[PDB]
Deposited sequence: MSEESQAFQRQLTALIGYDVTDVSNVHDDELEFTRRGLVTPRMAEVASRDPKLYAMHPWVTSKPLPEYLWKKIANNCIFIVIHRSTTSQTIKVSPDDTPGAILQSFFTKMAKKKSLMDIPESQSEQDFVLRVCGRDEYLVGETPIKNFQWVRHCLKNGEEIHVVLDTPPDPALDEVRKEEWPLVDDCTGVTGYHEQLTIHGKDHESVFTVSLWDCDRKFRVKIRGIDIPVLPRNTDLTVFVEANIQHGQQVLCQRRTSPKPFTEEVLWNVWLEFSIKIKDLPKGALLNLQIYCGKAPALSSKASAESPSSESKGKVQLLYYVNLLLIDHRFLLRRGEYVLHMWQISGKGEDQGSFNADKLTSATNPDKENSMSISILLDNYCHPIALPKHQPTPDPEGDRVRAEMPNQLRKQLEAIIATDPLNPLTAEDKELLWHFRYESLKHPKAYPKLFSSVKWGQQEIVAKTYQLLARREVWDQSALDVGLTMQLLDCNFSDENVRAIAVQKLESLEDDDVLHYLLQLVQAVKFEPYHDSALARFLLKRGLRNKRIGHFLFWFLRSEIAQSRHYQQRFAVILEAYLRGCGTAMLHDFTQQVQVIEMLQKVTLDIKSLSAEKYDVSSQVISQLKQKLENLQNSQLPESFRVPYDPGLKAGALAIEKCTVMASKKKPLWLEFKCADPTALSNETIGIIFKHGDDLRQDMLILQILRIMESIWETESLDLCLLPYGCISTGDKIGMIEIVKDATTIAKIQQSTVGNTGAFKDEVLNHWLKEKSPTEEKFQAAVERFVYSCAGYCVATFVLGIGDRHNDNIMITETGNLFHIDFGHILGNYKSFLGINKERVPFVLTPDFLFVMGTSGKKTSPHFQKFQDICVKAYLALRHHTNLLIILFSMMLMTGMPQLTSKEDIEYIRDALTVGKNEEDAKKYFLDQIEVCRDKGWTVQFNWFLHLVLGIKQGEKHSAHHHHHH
């Protein structure tokens, strides 16, 4: 390539956090052929997008305005303020009006048509043929009782988005030669054997074993392991999972390559070790640690793919199977029904994952029948998109490329609004794809190229994985590189400014944590050399400003060094404040960010995403539970940034403020705090109403996810009454925190039913039922969260909680009770669970 084409790739590598052009950790050319493979879908999408709409990235929606927002417009008129520096005029607008209509009306109501309505303070433009009700920033102000401040400026130059130019009937067998490890020390002498499995989607097709020998650094066999499954019967996506028990080590090898050719030849595969099932266990990647890892030597030498109506009772049986939740196992009898009646099953889109779980993937004849069955997709295509359903077909239980492609097919109809909701979860599912190039990877690749907000989050999501996943970093980096070669030069510049800032902060953050000790503590010296380092950074060359990674409409400017400190936690996070880099911002207020090391913010990212999903469900049913899923982005390896919620305090501090003696908790204290932080009596009532809704929402959401038993410490509250949970980094009993300080705000001092307390029970039930109409979605979002989020879990046991919690297979009146009962446990326990929480530690 060109010299400047090489300067460009090293730019990409720094942005990616991994060198894709590197070839040290490969035993074929899947990754290279995938970089090549993704050139086309990147270029099709870059060619097709409107430059103007892409430059301005209008954030918008087709969902109807929820009821609670229609009661806020009882005049059928919405007010907009249009600013210019020396002046600004308010305009009454119809909810159906297009931004152009109001621009055209702003020239008339005065007493050259090349300007745009941008939001004051944010990189957010109101443009294109959509009614202003449909703009998400309009609905944001209508919900939180704010004004719609806008400024008439110049449309941004699409020139800045420039994309730089482009240039057998035999049975299967494997020969195990041996395993070698440099240093083996663990425990007194044990035995060691290899287990070879033919896998397709978490089903083992066939399994063989070696004879066990004593565990020492070299151990040979030279055995030919003869499987009963034939070569022709082998399906695309099939793995050869090789395992060492004494389970210590594992490695995998695809048996059909990306060119549909059977795998042949010699391979020495470096293997991953187990921590003293999960998505990592499926990876075609080999351990990059060639010096200290265990390896396996193997040999292949063996292309492929070259009327009647159902009776009444059996239909009842079938339909019953289809009705069961995703976590319900299928009997051999169950699977046989589903397959035999496959044409009737096909008529029910909710049967698809069960149906596709009844397929003998290890019989060519049956997979062909399955492909034939899939060609008459009339029912599936016409079905209304069910994100839950679609997700199930993307998990670890489906390796088939065509079964997964129908899933991605349905996704194509998601609007940007919705893709943003499931982006992270979708990114995590790439991990279940047998091959690097996949329908789904192309989908994320093209949806992000199409819209800058999806592109921005796509960037950070893929970049969190690359940084802390040797198992999938190579796959994910090939994809990030594909995206970055299409996003345009503004964004590359924008990402650079962002990466530079987090790298620069990463170094400060780590030295302070290390100079820092735990309990003690802080420590003036530490907080003084924090301000020293930061003043060193500003000049120079920390970026003049950068887009805020968890909120890319926001430009953070230079730091307010005096407002920056080191937090009072044993893990030493940096409380940073930045000046807003938009001078046309209507508020002087600073951008506050907590930069943390070395927790892993992936779990929080995930949880926060589910929470935003729950809010979106409630929005349909016209409910607003006042959740605060603040910004949280994993930026690198154990390094990430967190949005600071303005005027928020910890529930524990509000209790400690009264003399702070460990565990002595007083009921009246929270209501005392709120009333004190209230500018009027009016604002106090609003805070109580804000608390009743928020507390209600966190109660429901936190219970379903089984993260309800929390310390007072990780529950926070804004001075405006907004309660919100924090810190899922870590992950007697209580279902959720509903303590007597909370019940006193609502006006209850132990078994007394007040009007606010009645409200809480009401909203809870409404909120809990609304969630249950999405049981299948939640279950699947949660099953996936565990497999791609946590190091080792039970694919059986660990998930069930949510089945119980969601009250699967129970009528709405049993569910009303079931939750109202959980409320009574909270009131029964009182302060007891909170008391033990702080007690056991010292």
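Q: Just jot down which stretches of the deposited chain sequence have no CA coordinates, in the order they come.
A: Residues lacking C-alpha coordinates: 112-124, 181-214, 294-317, 348-354, 381-382, 387-401, 827-838, 950-966.
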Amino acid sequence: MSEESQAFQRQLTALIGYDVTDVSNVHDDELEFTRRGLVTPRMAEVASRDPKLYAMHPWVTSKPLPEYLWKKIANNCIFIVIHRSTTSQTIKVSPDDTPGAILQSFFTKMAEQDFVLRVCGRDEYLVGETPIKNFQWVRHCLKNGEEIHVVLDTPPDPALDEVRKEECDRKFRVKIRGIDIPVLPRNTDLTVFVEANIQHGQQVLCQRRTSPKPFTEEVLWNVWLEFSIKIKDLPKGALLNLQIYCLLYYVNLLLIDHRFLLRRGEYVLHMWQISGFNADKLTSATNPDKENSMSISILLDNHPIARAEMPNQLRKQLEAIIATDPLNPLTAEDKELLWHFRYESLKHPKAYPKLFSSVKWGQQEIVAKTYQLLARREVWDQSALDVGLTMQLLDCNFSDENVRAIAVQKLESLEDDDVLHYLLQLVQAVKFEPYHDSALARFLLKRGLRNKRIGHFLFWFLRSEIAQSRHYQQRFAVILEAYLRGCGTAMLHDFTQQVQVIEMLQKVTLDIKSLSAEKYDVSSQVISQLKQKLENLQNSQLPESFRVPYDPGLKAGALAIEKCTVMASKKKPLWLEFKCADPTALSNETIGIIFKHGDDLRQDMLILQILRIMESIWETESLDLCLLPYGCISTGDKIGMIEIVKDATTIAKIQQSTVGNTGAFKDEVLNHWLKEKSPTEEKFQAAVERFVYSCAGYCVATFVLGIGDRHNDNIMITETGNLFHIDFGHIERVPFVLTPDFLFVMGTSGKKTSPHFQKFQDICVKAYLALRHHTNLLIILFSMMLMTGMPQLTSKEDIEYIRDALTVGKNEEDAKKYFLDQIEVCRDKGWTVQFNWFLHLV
From here on, numbers count along this sequence of modelled residues.
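Q: Higher average CA B factor in the deposited record is what I'm after, so tell me if that's 112-120 or 687-695.
A: So the stretch with the higher mean C-alpha B-factor is 112-120.
Q: Do the CA atoms of 378-386 or those of 391-399 have the higher mean B-factor in the entry?
A: 378-386 has the higher mean C-alpha B-factor.
Q: According to the deposited entry, which of 407, 601, 126, 223 has the largest Cα B-factor?
A: Comparing C-alpha B-factors across 407, 601, 126, 223, the maximum falls on 223.
Q: Per the entry's Cα B factor values, which of 278, 154, 616, 287 stands out as the maximum?
A: So the option with the highest C-alpha B-factor is 154.
Q: Taking the values exactly as deposited, rank residue 785 by C-alpha B-factor within its chain and report the matching third: lowest, middle or highest.
A: Lowest third.
Q: In terms of the chain's CA B-factor thirds, is residue 435 lowest, middle or highest?
A: It falls in the bottom third of the chain.
Q: Split into thirds by Cα B-factor across the chain's modelled residues, where does residue 102 land: lowest, middle or highest?
A: It belongs to the highest third of the chain when residues are ordered by C-alpha B-factor.
Q: Lowest, middle or highest third of the chain for the C-alpha temperature factor of residue 64?
A: Its C-alpha B-factor belongs to the highest third of this chain's values.
Q: Can you tell me whether residue 250 has a C-alpha B-factor in the lowest, middle or highest third compared with the other modelled residues of the same chain?
A: Middle third, going by the recorded CA B-factors of the chain.
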